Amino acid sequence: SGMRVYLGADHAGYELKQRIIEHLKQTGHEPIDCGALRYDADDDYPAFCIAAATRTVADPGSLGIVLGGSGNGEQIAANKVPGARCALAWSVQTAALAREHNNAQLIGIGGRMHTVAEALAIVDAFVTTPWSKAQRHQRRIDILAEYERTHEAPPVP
């Protein structure tokens, strides 16, 4: 039930990251802070998001959350990591479907896009919704993993 979660964030998602770490500790989960460890208005998101995604993939069973202003540059950075699948969660439904259909180990959230209560509801759905293991979803994940292996674009039907 209790999940390990690696969190990464730049200045725009820093304040929300600290609140999410506090929320995860209080709900039986194990947050691990990859940075940023303090507010720095000029810092760059890529390093924090690549660190969180890299450690998530290297620690199977763990999840991850990357935070920014919109969360989009953050999920893009995380998605460059081999083996990583980072959805952008902007609601309870998309957080749940990230796990259910895409088996996403990570999610990006925009700190400027939600209130604190809305963001924590997104996090709750992400860390409790199980991976469905449905055949068609695993088939799509296998195709994408094969493209990641060789970078040879598969033929279209």
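Start at 1 and count along the sequence shown; that's the residue number.
Judged by mean Cα B factor in the deposited record, 22-30 ranks above the other of 57-65 and 22-30. In this entry, 111-119 shows the higher mean Cα temperature factor of the pair 111-119 and 95-103.
Per the PDB record, residue ranking by Cα B-factor puts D142 in the lowest third of the chain. Sort the chain's modelled residues by C-alpha temperature factor and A36 lands in the highest third, per the entry.
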